[PDB]
Structures are given as structure tokens and as C-alpha cells.
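Note sheet for the following structure.
2 protein chains.
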Amino acid sequence: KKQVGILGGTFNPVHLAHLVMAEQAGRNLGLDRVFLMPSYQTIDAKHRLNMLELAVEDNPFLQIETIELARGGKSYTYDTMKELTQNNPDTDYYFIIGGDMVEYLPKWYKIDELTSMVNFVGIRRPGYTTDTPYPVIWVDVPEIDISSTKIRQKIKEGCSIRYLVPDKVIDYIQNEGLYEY
Amino acid sequence: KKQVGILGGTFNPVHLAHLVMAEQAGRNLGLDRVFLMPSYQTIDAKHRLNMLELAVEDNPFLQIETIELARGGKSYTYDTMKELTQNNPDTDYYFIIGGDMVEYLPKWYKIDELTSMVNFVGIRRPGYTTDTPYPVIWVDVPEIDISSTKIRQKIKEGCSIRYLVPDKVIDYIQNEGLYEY
Ligand SMILES: Nc1ncnc2[nH]cnc12
Ligand SMILES: Nc1ncnc2[nH]cnc12
Ligand SMILES: [Mg+2]
Ligand SMILES: [Mg+2]
Numbered sequence: 024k025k026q027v028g029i030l031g032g033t034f035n036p037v038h039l040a041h042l043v044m045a046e047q048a049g050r051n052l053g054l055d056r057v058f059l060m061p062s063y064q073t074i075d076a077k078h079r080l081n082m083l084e085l086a087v088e089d090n091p092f093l094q095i096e097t098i099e100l101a102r103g104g105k106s107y108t109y110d111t112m113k114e115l116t117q118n119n120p121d122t123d124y125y126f127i128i129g130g131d132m133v134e135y136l137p138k139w140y141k142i143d144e145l146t147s148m149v150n151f152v153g154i155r156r157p158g159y160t161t162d163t164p165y166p167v168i169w170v171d172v173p174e175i176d177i178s179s180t181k182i183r184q185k186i187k188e189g190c191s192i193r194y195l196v197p198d199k200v201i202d203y204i205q206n207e208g209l210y211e212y
Numbered sequence: 024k025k026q027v028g029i030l031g032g033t034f035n036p037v038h039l040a041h042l043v044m045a046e047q048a049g050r051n052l053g054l055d056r057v058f059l060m061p062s063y064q073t074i075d076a077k078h079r080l081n082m083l084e085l086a087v088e089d090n091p092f093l094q095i096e097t098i099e100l101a102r103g104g105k106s107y108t109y110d111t112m113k114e115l116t117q118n119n120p121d122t123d124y125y126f127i128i129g130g131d132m133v134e135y136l137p138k139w140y141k142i143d144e145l146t147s148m149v150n151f152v153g154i155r156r157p158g159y160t161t162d163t164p165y166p167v168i169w170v171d172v173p174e175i176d177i178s179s180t181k182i183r184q185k186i187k188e189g190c191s192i193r194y195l196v197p198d199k200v201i202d203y204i205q206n207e208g209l210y211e212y
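Chains A and A', in that order, give the protein sequences. A prime marks a further copy of an entry chain.
In case it helps, the deposited numbering puts the first sequence at residues 24 to 64, 73 to 212.
In case it helps, the deposited numbering puts the second sequence at residues 24 to 64, 73 to 212.
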């Protein structure tokens, strides 16, 4: 009986806050490992995946779940977790979301069933409340106020992203000429 | 005429927020480089300095200013900047502080003279105001809610510090058996 975390996102590009959130939530709960799960869709997914793999490269605790990139199309989270739980029927999944996202959990397709499928884990964040419907358990993570949009904006404006983004990922962005449009 | 940033702290231990604050403040202002300036004083300074040098190792933009470790004793910031400006009379110093510290600027010894010596740079932070006496100019930095005390507490409790602290610094802490008391 495995316990596995999932951190979803576009990861466009992956950055330090993704790594801290995944490692801290998983390690604090004592999960076996945490997967960063890129969503489908504008740069090609191969790039997002290469950067993701570079970012988690040296750390067996963090891995990449690619099922959403392969299946494409609709991708409601319920459908994804339904495939993952059928593939891994003895795995307890811990679906990690930022405290800010916990509010929109009603907008989630078949959130009813989804909460019976997986364990939602909220990341306590300043400003947003620790209250919600649905069974969410919470974990404390140092606030890291970085977002992929912020990074892309900094790249577009020609500002530094060092330490906000892993060195191997910065090198890839520059080698492939990403985000400078 | 050089423009040089200074980021003071105990750095006990150095961590990701120190590196982001220093790099972002310096790069956003277009400074020539930024020095992390460890204060005097309980682990020996050699350790704090070794970790600092490991942390900035691969980045010519960030350096370590050791004058406070060498002079010891009182160490009012005014005295330190007085020595540094006499040593480097054509350098304009930019003294970087967190937005939270800008409030206590009156508690600073000879803050009057100190503001004529250097340029204070405040780091805009959530919660704390962008108002103050004294001539402070401000720079935006992604909020990174890490502190040396937090890290030490995590080490003492046996929690993960990966990504919160550079890999070379984690290795040193573990190699020297620091902070696990
Ligand atoms: N929801 C998200 N997906 C991918 N990257 C992010 N960075 C910040 N938020 C993100
Ligand atoms: N004032 C400070 N000095 C050294 N390390 C810190 N980490 C957070 N705040 C610090
Ligand atoms: Mg299984
Ligand atoms: Mg000079």
C-alpha cells in the first residue's frame, strides 16, 4: 500500500516553488514520493517535460507523471485520477493543491467522486482561509511567491530568474530560446 | 564609480531567500554586484563563512563581505559602512533590507549619518508598509518566506530542507553535524 503525492500544474516553466511545494508536502506527510503532473496545453509539451525532468533529475523522491500529456484532449482531473487508480489499485493518492485553489474545488468536474478517489492536501498559504467543504487535510510549506507566469514575464522583460528556476532549466530555456517572445 | 549592494544577516545558515533577495535586488537595480555580509555572532563563524562561500560559489555577481567577522566586537552598521567607504571611496553602497526591517531604522546607531553614507534599498514585502522616514528606495522581489531560524528548527526536528537551502550547504551541514542539537 503505497502513498503517492500528485502536484498538478502547467509547469510553463517548472520553478523553485513547484519543487519546494512538492518536496515539503510529501516529506512532511511522510509520503513515499511525489509526482509533478503537467497538464495538457503555447510551447510544445516536449519542452515542458524536458525541463521538468531536468528539475527533478537528482532526487528519487520527485518524479514526473506524464499521463495527461499522453492522453491529451479533455483531461478532467477526475478522469485522470480514475485512470491512475485503476492502473495502481493499491496506491493511496494525495492530490496537492495550493491553499488559494481550495476555494474553487466546487468548479471541479465530479469533485464528489474525486474526493472519494483521492486524498486532497491543501498547502496552507497566507491570505487564503484554512476552511473549505470537502475533506481536505493541510500541510505547512514556506511561502514561495513564484509563478510560471511571473517567470515568463521576467524572461520577456529580460530580468534575472537565477535561483527562482533551477540552473539546468535556465540553461535549457536559453539553449532552446524559450519564452523570449 | 562602482555600485555595490550589501545584504546583511547572521546567515545561520545561508538559504535560498538570501540568494533570491541579493540576486534580484542587485539585478533589478542594475548594481555591479552584491555582497552578503555576515554579522559577528552559537556556531563558529568559520562554518557560517564556509557555507556562505559554497552558496555563492558559482556566481560572480554574489560575493561575501567578511569585514564584520574580522573586526568583531561592537559592529554597529554605521561603523562598518564607515570603514567600507573609506576603503572604497569611489563606491556607492546600496544597503539592502527587508521591508519588515525598514520600520526599526530609527533603532539604528547614527542612522542620520548612515543614510548620508549609503543608499538604503527596501525589499517590498506583503503585510509591511511601503512608507518610512529616511531616504529608502524600493525594489520588488518574489516573497520567499524562509528564515535561518526556520531552517535550524527544521534541522532540529529532522524535517527536509531540500531546495530551501543549496545542495552544497545541506551537504556541509550534514558533514559537520551542524544544527542537529
Ligand atoms: N498552476 C500552476 N501551474 C504551473 N505552474 C505554476 N506556477 C505557479 N502556478 C502554477
Ligand atoms: N536577518 C537574517 N539574518 C540571517 N539569516 C536570516 N534568515 C532570515 N532572516 C535572516
Ligand atoms: Mg498499486
Ligand atoms: Mg572605490
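Cβ atoms here follow ideal geometry from the backbone N, Cα and C, with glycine treated the same way.
Heavy atom of ligand 3 within 7 Å of residue i beta-carbon
i       : result
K25(A)  : yes
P166(A) : no
Within 8 Å, strictly: CB atoms of residue i and residue j
i        : j        : result
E114(A)  : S106(A)  : no
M82(A)   : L30(A)   : no
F34(A')  : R79(A')  : yes
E207(A') : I186(A') : no
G130(A') : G103(A') : no
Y109(A') : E134(A') : no
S191(A)  : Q47(A')  : yes
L209(A)  : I74(A)   : yes
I177(A') : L52(A')  : no
Contact test: residue i Cβ vs ligand 2 heavy atom, cutoff 7 Å
i        : result
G32(A')  : yes
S191(A') : no
beta-carbon residue i near ligand 1 non-hydrogen atom, thresh 7 Å
i       : result
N81(A') : no
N35(A)  : yes
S179(A) : yes
Closer than 7 Å: residue i CB and nearest ligand 4 heavy atom
i        : result
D123(A') : no
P120(A') : yes
Pairwise C-alpha distance: residue j and residue i
i              : j        : result
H41(A')        : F92(A)   : 25 Å
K77(A')        : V170(A)  : 35 Å
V43(A)         : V149(A)  : 22 Å
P197(A')       : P36(A')  : 10 Å
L85(A)         : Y194(A)  : 15 Å
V87(A)         : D55(A')  : 32 Å
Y165(A)        : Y140(A)  : 14 Å
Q64(A)         : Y63(A')  : 51 Å
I142(A)        : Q117(A)  : 18 Å
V57(A)         : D121(A)  : 16 Å
residue 72(A') : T97(A')  : Gap in chain A' between 64 and 73; residue 72(A') lies inside it and carries no coordinates.
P137(A')       : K138(A)  : 50 Å
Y203(A')       : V200(A)  : 25 Å
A45(A)         : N90(A)   : 12 Å
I168(A)        : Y159(A)  : 15 Å
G189(A)        : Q205(A)  : 12 Å
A101(A')       : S147(A') : 25 Å
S179(A')       : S179(A)  : 26 Å
Expected contact under 8 Å - CB spacing of residue i and residue j to nearest Å
i        : j        : result
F151(A') : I128(A') : 7 Å
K181(A') : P173(A)  : 7 Å
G49(A')  : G32(A')  : Not a contact, Cβ separation roughly 15 Å.
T163(A') : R155(A') : Not confirmed; about 12 Å, so no contact.
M112(A') : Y124(A') : 6 Å
Contacts that residue i makes with chain A (C-beta to C-beta distance below 7 Å)
i        : result
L195(A') : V43 and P173
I177(A') : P173
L83(A')  : Ordered by position in chain A, no residue passes the 7 Å Cβ test against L83(A'), which lies about 15 Å from the chain.
Proximal chain A residues relative to residue i, where beta-carbon distance stays under 9 Å
i        : result
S191(A') : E46, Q47, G49, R50, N51 and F92
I201(A') : By Cβ distance, chain A contributes nothing, its closest Cβ being about 12 Å from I201(A'), past 9 Å.
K181(A') : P173
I142(A') : Result: empty, since nearest Cβ-Cβ is about 30 Å, beyond 9 Å.
8 Å Cβ cut-off: residues of chain A' touching residue i
i      : result
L30(A) : None at all; the shortest Cβ gap to chain A' is about 13 Å.
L54(A) : The contacting residues do not exist; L54(A) stays about 12 Å from chain A' at best.
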